[PDB]
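Colleague: part one of the complex, left exactly where it sits:
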Amino acid sequence: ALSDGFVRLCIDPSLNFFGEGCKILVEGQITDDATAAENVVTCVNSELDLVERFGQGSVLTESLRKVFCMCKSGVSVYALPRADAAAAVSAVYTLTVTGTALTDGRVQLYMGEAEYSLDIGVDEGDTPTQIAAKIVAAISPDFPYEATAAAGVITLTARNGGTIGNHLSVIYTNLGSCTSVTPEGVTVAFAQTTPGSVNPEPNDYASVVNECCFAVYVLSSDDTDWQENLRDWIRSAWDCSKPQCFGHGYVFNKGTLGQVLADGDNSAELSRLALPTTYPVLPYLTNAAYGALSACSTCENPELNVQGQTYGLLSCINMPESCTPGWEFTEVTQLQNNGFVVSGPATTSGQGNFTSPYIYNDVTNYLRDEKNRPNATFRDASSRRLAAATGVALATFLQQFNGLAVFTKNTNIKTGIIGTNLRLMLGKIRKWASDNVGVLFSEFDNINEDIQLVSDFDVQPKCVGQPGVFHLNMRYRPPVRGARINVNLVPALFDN
Amino acid sequence: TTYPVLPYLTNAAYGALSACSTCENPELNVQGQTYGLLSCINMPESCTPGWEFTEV
């Protein structure tokens, strides 16, 4: 600045958003009108930019809308649009209105999610079906389905091809006795006529996400093969053949108990969400909410578990209370024991009223290690986050030995020299490991045996090792999460 | 082949850094993100690294 001030001069960059390192990638399909280029990762700013960049009512837009509604600030969003298959078919649903309204009243519908609900008033008694079916003029534009308003029947066609548009169960809440008088003699029938056919199977993850680190991957699809490709890519990010990028993915599986169980495979890189066959809400909307909530919008702390009615509440989703729990308790236990994630209503209320869902257990689809033994090393999702945090933090600590003189053979360090030997290096590392108890590790079972330092000369044979290379082997344990207590209640009629 | 900077600019900057500003105590190396940072050369960010790890 000029012509002002005494000592200093403050300057601040235009960017009002900070906090990088918390990146979320959302993948889905789009429509024809979208201007965004396909198969190219792009940044997303806010909701005012949507629709134009990703089409009207597209799967990607709906998923992004929930993501922005759950992570108002503190995370950076990215989008990876895809395109429909060459010969994708679009699903068609029918909704026929019959009878003639003979009393004043109102008609209200609930489809897909609370945001798309509508409420219109019947014009007057003696209005036939043709004057009815005005619902088409009321359906919100963002609804992924297109209403045609035919003669007496309204047809809903999916805006995106493939199997994605194959999930609905309407709730026409008002029939029979209703204070908002149900227009007497009016009835509605729901039926499907054509399913989806073909889904895309992109396999070019290595080219478009080649060397960008992402925290959480969100996939708005139910194609098993597509999900498998994402899992394979994540493995490559956790591989030991190159510097790691780390990450985690979220997917959903829908169907009966027999189908859902068969969809799972031993995979610590994914968190599969199980839903029943009659879920009132569109599937991918719930999956996006769970991913966005857990996409470091809350879990900046690597050890925070996304569970319970306090932390695992998907507030952005509203759905009417169902007549039956959907997932019977005998089935809930099996799903949890098999590595799936199960969600349910938060508050108990009379059937037909509105509630919100929450998540019971934050677990990954991991059941066995490479040697085929069973263990829960990577059961909880927090274990994956903590493992990544330990790797990054440990690397930073060891950086201080870069370019430091190291003495072997003769271990006496002359006066004035700046160096170190194996024993001193090991002692310093022990100090760091112990101090982190209660932050990244639990108390070690035996700290004297779970850390080892050996120079490369002691591993390779004579005249084969290199000067100044070490091997560090460490074993640790994540923080404890619970305990079990056996209780023996003992009333005593006698005394002393 | 796809380097986004003029080659002779990077060569001069590397030579100048390790020539005088750093190597008056010969034992020091020029590596890492601290002692080998060409702070006077700026190029845009990109996802593709140019050299694949196997090539590196």
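Modeller: Okay, I see it. Numbers count the residues shown, from 1 in each chain, chains lettered A, B, ... in the order given.
Colleague: which residue is the nearest non-sequential neighbour of whichever residue of the stretch 151-300 of chain A sits closest to chain B?
Modeller: Nearest to chain B, among the residues of the stretch 151-300 of chain A, is residue A:242, at 4.6 Å (C-beta to the nearest C-beta). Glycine gets a C-beta too; all of them are placed from N, C-alpha and C. Spatial nearest neighbour of residue A:242, excluding adjacent residues (C-beta to C-beta, 6 or more residues apart in numbering or on different chains): residue B:53 at 4.6 Å.
Colleague: you'd agree the one you found is in a strand?
Modeller: No. Going by DSSP: H, G, I helix; E, B strand; the rest coil, the assignment for residue B:53 is coil, not a strand.
Colleague: hang on, it packs against residue A:239?
Modeller: No. At 10.8 Å, residue B:53 does not count as touching residue A:239 under the criterion of C-beta atoms under 8 Å.
Colleague: which ones are touching residue A:44?
Modeller: Residues in contact with residue A:44 (C-beta atoms under 8 Å, 6 or more residues apart in numbering or on different chains) are A:50, A:64, A:77, A:78, A:79.
Colleague: can you give me the neighbour number for the fourth one?
Modeller: To tie it back to what came earlier, the one meant is residue A:78. Under the neighbour criterion other C-beta atoms under 10 Å in any protein chain shown, residue A:78 is assigned a count of 17.
Colleague: report the beta-bridge partners for it.
Modeller: Residue A:78 has these beta-bridge partners by DSSP bridges: residue A:25, residue A:43.
Colleague: which residues does residue A:143 contact?
Modeller: So residue A:143 contacts A:57, A:111, A:112, A:116 (C-beta under 8 Å, 6+ apart).
Colleague: include chain C as well:
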Amino acid sequence: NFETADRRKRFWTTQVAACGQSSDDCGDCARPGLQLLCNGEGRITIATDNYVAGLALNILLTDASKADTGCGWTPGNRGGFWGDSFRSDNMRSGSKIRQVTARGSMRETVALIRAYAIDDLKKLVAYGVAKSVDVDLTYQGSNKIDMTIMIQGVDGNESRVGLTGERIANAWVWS
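Modeller: Below is chain C, added to the chains above:
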């Protein structure tokens, strides 16, 4: 009636980079000001977003009343605002982060600047727009110094029950 009962509106708000950024050999800095939004047929309008962030800029970029010195100041630049004579909250407008003097080594002077910054931005909590604020400073050497200011907001509609503190008033700006 319809659940949207809150009728309180939001007036103009100063915004960063409203008038662009002024560049110089030393670096690039923003030039805050008012923002104009245009319709499809003219009819320009002012922006009213990021209320709390705009309020913080006003506090930082305004000289407060200078302390008495015994030698005196010219009547033009005594600092402060003449409109503070009417406010009843027992506070004074503006800020005084610019009234520091080189004392001791550079490390000490930077520490004093941070103390003033916390003291002045603390007024945000008193008004009730924000529930907590904190500034982190990092000293790296001769010419590179950085400041980051963190302001905590709240949603417009209450969602949690059993808070140790109190629900900040004037939260209808929901930030």
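Colleague: from residue C:100, how far off is residue C:152?
Modeller: Taking C-beta to C-beta, to the nearest Å as the measure, residue C:152 falls 27 Å from residue C:100.
Colleague: residue closest to the middle of chain C?
Modeller: Nearest to the geometric centre of chain C sits residue C:56, at 1.3 Å (C-alpha atoms, centre = their mean).
Colleague: can the helix or strand hosting it be found next to chain A?
Modeller: Element membership of residue C:56 [criterion: DSSP states H and E] is helix C:51-60. Yes. Residues of helix C:51-60 contacting chain A under C-beta under 8 Å from any C-beta of the partner chain: C:53, C:60.
Colleague: name the residues of that helix that are buried.
Modeller: C:51, C:52, C:53, C:54, C:55, C:56, C:57, C:59, C:60 (16 or more other C-beta atoms under 10 Å in any protein chain shown).
Colleague: which ones are touching the residue nearest to the third one when sequence neighbours are not counted?
Modeller: So that's residue C:53. Excluding the flanking residues, the one nearest residue C:53 by C-beta to C-beta, 6+ apart is residue A:16, at 6.4 Å. By C-beta under 8 Å, 6+ apart, the contact set of residue A:16 is C:16, C:50, C:53.
Colleague: got a list of what the one residue in the stretch 301-450 of chain A that gets nearest to chain C touches?
Modeller: Residue nearest to chain C within the stretch 301-450 of chain A (C-beta to the nearest C-beta): residue A:315, separated by 7.2 Å. Residue A:315 sits next to A:70, A:356, C:159 when contact means C-beta under 8 Å, 6+ apart.
Colleague: distance of the residue nearest to residue C:53 relative to residue B:45?
Modeller: 21 Å.
Colleague: ok, now chain D:
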Amino acid sequence: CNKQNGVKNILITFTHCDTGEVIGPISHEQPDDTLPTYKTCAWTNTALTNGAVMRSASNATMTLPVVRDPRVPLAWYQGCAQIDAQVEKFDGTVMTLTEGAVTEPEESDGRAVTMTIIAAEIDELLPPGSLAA
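Modeller: If we add chain D to the chains shown above, we get the following:
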């Protein structure tokens, strides 16, 4: 040689509080035949009547007599800088201390300095084959 009682290496790492300067882990030599002494138990006991005991806070202490390095100001060795020390005995025991502070410095002729350090805790690395965890 494992039953020899003596000190092998002494490494110190100063950190000037007033300017943030850091000096690498320089090596040192001791001035005379004395050895350092240690106290690694944080809490302290007191004798009550009939076998009981009172437990008090106390700290973890160190005592490091070392020859001054002729390339470091004498002030740093006294209470004008942080200290990070490591001592390696001949048998193999290694004892580390970080974020220590010097207390009640005494006058030194210019060569022999006897630092008294205190820290939250001291970590001990026993030779291979320990019993306790």
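Colleague: returning to that earlier point: now do the helix holding residue C:56: everything it contacts.
Modeller: Contacts of helix C:51-60 (C-beta under 8 Å, 6+ apart): A:10, A:16, C:10, C:13-16, C:32, C:94-95, C:97, C:120-121, C:123-124, C:127, C:129-130, C:149, C:151, C:153, C:173, C:175.
Colleague: again with stretch A:373-392
Modeller: A:244, A:246, A:248, A:268, A:271, A:294, A:299, A:302-306, A:339, A:362-364, A:366-369, A:440-441, A:476, A:478-479, A:481.
Colleague: let's see that with 6 Å instead.
Modeller: A:246, A:248, A:268, A:271, A:302-303, A:305, A:362-364, A:366, A:368, A:440, A:478 (C-beta atoms under 6 Å, 6 or more residues apart in numbering or on different chains).
Colleague: spatially central residue in chain D, please.
Modeller: Nearest to chain D centroid, counting by C-alpha atoms, centre = their mean: residue D:62, 3.9 Å.
Colleague: chain neighbours aside, what residue packs nearest to that residue?
Modeller: Residue D:62 sits nearest to residue D:117 (C-beta to C-beta, 6+ apart), 4.1 Å away.
Colleague: could you pull out the helices in chain D for me?
Modeller: Under the criterion DSSP state H, chain D contains helices at D:74-77.
Colleague: picking that back up, which ones among the contacts of helix C:51-60 map onto helices?
Modeller: Using DSSP H, these in helices are C:120, C:121, C:123, C:124, C:127.
Colleague: neighbours around residue A:178, how many?
Modeller: For residue A:178, the number of neighbouring residues by other C-beta under 10 Å comes to 13.
Colleague: still on that earlier bit, list buried residues within the contacts of helix C:51-60.
Modeller: Among the contacts of helix C:51-60, those classed as buried by 16+ other C-beta under 10 Å are C:13-16, C:32, C:94-95, C:97, C:120-121, C:123-124, C:129-130, C:149, C:151, C:153, C:173, C:175.
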